[PDB]
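See structure below.
Where a number appears in this text, it was derived from the coordinates with a stated rule and is not lab data. Virtual Cβ from ideal backbone geometry, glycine too; neighbours counted across all protein chains shown.
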Amino acid sequence: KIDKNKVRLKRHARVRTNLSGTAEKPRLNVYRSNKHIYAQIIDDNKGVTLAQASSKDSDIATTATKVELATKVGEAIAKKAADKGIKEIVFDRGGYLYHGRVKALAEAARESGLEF
Amino acid sequence: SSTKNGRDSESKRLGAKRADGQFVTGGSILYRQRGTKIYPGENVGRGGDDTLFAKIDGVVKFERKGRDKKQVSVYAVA
Amino acid sequence: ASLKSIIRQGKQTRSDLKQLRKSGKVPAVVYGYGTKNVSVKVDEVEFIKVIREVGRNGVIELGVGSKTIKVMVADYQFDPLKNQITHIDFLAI
Amino acid sequence: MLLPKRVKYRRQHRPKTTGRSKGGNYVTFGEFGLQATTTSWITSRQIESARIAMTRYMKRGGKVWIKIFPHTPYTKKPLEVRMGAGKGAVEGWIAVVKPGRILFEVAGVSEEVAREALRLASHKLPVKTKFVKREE
Amino acid sequence: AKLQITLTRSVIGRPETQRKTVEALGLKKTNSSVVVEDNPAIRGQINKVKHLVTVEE
RNA sequence: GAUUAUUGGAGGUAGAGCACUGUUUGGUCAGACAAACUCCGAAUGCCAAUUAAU
RNA sequence: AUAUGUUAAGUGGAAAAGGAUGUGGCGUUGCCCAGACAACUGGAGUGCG
RNA sequence: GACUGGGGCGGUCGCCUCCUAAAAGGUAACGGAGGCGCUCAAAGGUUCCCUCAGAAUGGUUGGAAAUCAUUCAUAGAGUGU
RNA sequence: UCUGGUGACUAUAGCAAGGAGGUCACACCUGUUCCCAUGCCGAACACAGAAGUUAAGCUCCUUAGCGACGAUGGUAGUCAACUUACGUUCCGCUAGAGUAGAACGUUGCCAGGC
């Protein structure tokens, strides 16, 4: 192969010259795998993580292919995040094209109270 | 015989205008340069023709970050 | 054979080094196992009467405060216009 | 006639001639050398004349390594001219020595032959040299 | 206090920094004097012009 | 306003070195040269703190 | 005046490449009691006419 | 018309970058070495992805530099002038 | 601690040869029914996913050959001073570049499951 993860960190580093905002515009990480999708809200004030979702727990990831999770894993943050007291987020692509599972999570996040 | 030479451009005053540690105001010019010898840092904006200046008014620092690269930052409280 | 040195204590200026080499003695330093950077003086007329018995790579027994700490000759420092020796590096084995 | 093929600039500033030699103080190939003790320029005609003088007395029974080369060119303007209005063309090529630098080396010949073979070349060079053998 | 200083050599023929330093110590003419207590600042100004003045206790 | 003492920082001279651009002697190894070469790089000077002493 | 060593050219009181058994200091070597170097008596080897 | 190591004759006059310029800026000579008096309707704005020169091996041998694939590369290509 | 995300100290973290491991996960891997993709190509970016394996990647460990880091000691320069014209000397500060010894197979932050 051509190091599928080592090319993403090359693409992620050129996304994130701008987007590293703090304390009212936090990032919202995205990541993928062959099986899952991971996400967490962070901001760069020497390390603060506010909410962290996943798709490996005993709540989801018992269901069909990859996307009805990734539309309903957006609301796993979007339930917790505004109930932690966050609003006015910024989202990164994480190195991926805004498409498919990543396009599903972003649109589903602001439909249930995580405004942009 | 003759000379084909002489003929120079005059000058452009091109160096550090403020120094490390002093209170600079909201629009002071902090460096004049060709290219980016010294990068813009935080609360510092790189202008067109690469002459980096300050944005919020506070102290200045010239700080190093890489192997052979440098940056200029401005911090708020004095 | 073996040298027999003293300890060059304190630290002194370049004129006192320049008043030292007229008496013949060449400064040196010793490092290595447990020696921890002692500074000596080496007499050049006596230091060459050692080299023609053990070689340019031999083993000597340098007495730094009556401690024959069995050093080797690592580095010269030479001046070709005046034909002397300027600084010698010993390492303890 | 020792000169470089191409130089990036034909008119250079004059080299500095005070201090002591940068490097090239020790005999490293041969067995007997000729180190200068005074500073001067040498202008590549007085190396054609001190090389051949060493060659004849040796009867070509050894090797000769010259360890300097004129890199820097030096200018001059023709006679009966006024000052200024330019800078003159290249006349020749110089090489700077400083006291300590080995000039010549020999190898493959005896000592008492080479000591009377380097004297025939120091009288065609300006500087005061002496006879240095190898580091032992 | 201590460190009685005295100006002996004059400032006629000396640079612009070796005249400002002498005027800092309070030395006007030849064979003037001051009495100033020892410091890291005063005892650093003395070797600036220690070829001019004489310092004594 | 000036002067040192302590402190921070900008910058590529002297010197030195060939890692680059050109020069160069003897068999990848040993050696050399540089105003318009630099992996490096002082001594001083310069701008400052709003800190103490004259 | 004093305590110590150096210079013999008027050096001090005009300047170089090179030459030089002038003289004083600091070191290093090889022969020397079988008494040494110098003079002194009877091996294709160093200049000669 | 003026500068001009007397005047004439030759040369040069404004803007740009380097060196002399002495590690802040500044700094002269008829000192050393080059350009400019324009060009782009995409070679401008923004968004999403890709990384180069050459070297070496192989084969219609187009010297492996026409085109063609693999390694090695640390910036040795390129950036309207 | 032990794995994964994620920024920091930024070759003392690197590069290269060896050696070990895998339902917890990351991968490798099969597919084109569709959104989506090639200026040639499911190689890639997407997208579906019973099965197939530790081989390369990543992960852990050790060897210091290469790169990086690097004292003390001395020299080169040099601000100030004193004679001096000599390709200078003597005295007092500061202190290089190269070279020897050596440090070195990373020290840590925060949320998530063991």
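How long are the semi-axes of the equivalent ellipsoid of chain A, taking √(5λ) for every eigenvalue λ of the Cα gyration tensor, in whole Å from largest down?
21, 20, 12
Only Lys, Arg, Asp and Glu count, each charged at its Cβ (+1, +1, -1, -1), so figure out the dipole size of chain B about its Cα centre, rounded to 20 debye.
300 debye
Could you name the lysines whose alpha carbon sits less than 23 Å from that of A:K103, not counting residues in the same chain fewer than 8 places away?
Within the straight-line cut-off, A:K103 pairs with A:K4, A:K6, A:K10, A:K25, A:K35, A:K56, A:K66, A:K72, A:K79, A:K80, A:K87.
Give me Rg/Rg_expected for the protein assembly as shown, where Rg uses Cα atoms only and Rg_expected = 2.2 N^0.38 Å with N residues. Can you show the working numbers first?
Values: Rg = 38.4 Å, N = 480, 2.2 N^0.38 = 23.0 Å.
After normalising by residue count via 2.2 N^0.38 Å, the value is 1.67.
Just to verify a number: FRET efficiency for A:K10 and E:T54, C-beta to C-beta distance, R0 = 60 Å, to 0.05? List each step's numbers first, then the result.
Numbers: r = 72 Å, r/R0 = 1.19.
Computed FRET efficiency for A:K10 and E:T54 comes out at 0.25.
Measuring from label point to label point, each 7 Å out along Cα→Cβ, what is the D:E48 to C:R14 span in nm?
4.4 nm
Ratio to report: Rg/Rh of the stretch D:1-79, with Cα atoms as the point set and Rh obtained by the Kirkwood method; give two decimals.
Working: Rg = 15.4 Å, Rh = 15.4 Å.
That ratio is 1.00, to two decimals.
Hey, if you put +1 on the Cβ of every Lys and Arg and -1 on every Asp and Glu Cβ in chain A, which of A:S112, A:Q52, A:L9 ends up farthest toward the positive end of that dipole?
Ranked along the dipole, the leading option is A:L9.
What is the set of long-range amide H partners of D:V106 at a cut-off below 5 Å, with H atoms built 1.01 Å from backbone N?
D:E31, D:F32
If you wrap chain D's Cα atoms in a convex hull and average its projection over all directions, what's the area in nm²?
Details: hull surface 40.1 nm².
Average projection, Cα convex hull of chain D: 10.0 nm².
List the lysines whose Cα lies under 19 Å from the Cα of D:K16, skipping any in the same chain that are fewer than 8 positions away.
Qualifying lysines at Cα under 19 Å: D:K76, D:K98.
Which whole-Hz couplings ³J(HN,Hα) result when phi for each residue of the stretch A:94-111 is put into the Karplus expression 6.51 cos²θ - 1.76 cosθ + 1.60, θ = phi - 60°, listed in order with x for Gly and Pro?
3J(HN,Hα) across the stretch A:94-111, in whole Hz: x, x, 9, 6, 6, 7, x, 6, 6, 5, 6, 5, 6, 5, 6, 6, 7, 6.
Points 7 angstrom from Cα along the Cβ direction at C:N83 and D:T17: gap in nanometres?
So the label points at C:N83 and D:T17 sit 2.8 nm apart.
Mind listing the phi-derived Karplus ³J(HN,Hα) values for the stretch D:35-50, rounded to whole Hz, using 6.51, -1.76 and 1.60 with θ = phi - 60°, and x for any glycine or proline?
Karplus values, whole Hz, x for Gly and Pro: 9, 6, 10, 10, 8, 7, 7, 10, 10, 6, 8, 7, 10, 4, 8, 9.
Mind counting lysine pairs for me in chain C? Cα separation below 18 Å, and the two need to be 8 or more apart along the chain or on different chains.
Within chain C, the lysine pair count is 21.
Given H placed 1.01 Å from N in the peptide plane, which residues other than close sequence neighbours of C:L91 have an amide H under 5 Å from its amide H?
It is C:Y31, C:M72, C:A74, by chain and number.
Can you work out the PRE-style zone for D:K133? Point 7 Å along Cα to Cβ, and I want the residues of the stretch C:56-93 with backbone N under 18 Å.
C:56, C:79-85
Contour minus end-to-end for A:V48 and A:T62, with contour as 0.36 nm per residue of separation and end-to-end as the Cα-Cα distance?
Working: separation 14, 0.36 × 14 = 5.04 nm, distance 3.04 nm.
The span from A:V48 to A:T62 would gain 2.0 nm if fully extended.
With an 8 Å cut-off on Cα pairs and a minimum separation of 6 or more residues, tell me the relative contact order of chain C in percent. Display every interim value, and only then the final one.
Numbers: 167 pairs, mean separation 30.3, N = 93.
In percent, rounded to a whole number, it is 33.
Going through the stretch A:56-116, which GluC sites (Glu not before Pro) have at most 13 other Cβ atoms within 10 Å and a DSSP loop state?
Sparse-neighbourhood loop GluC sites (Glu not before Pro): A:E88, A:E115.
Efficiency by 1/(1 + (r/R0)^6): what FRET value for D:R119 and D:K76, r their Cβ-Cβ distance, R0 = 30 Å, to the nearest 0.05?
For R0 = 30 Å, the calculated efficiency reads 0.40.
Which of the listed residues, B:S73, B:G48, B:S11, is farthest toward the dipole's positive end in chain B, when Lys, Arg count +1 and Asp, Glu count -1 at the beta-carbon?
Of the listed residues, the answer is B:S11.
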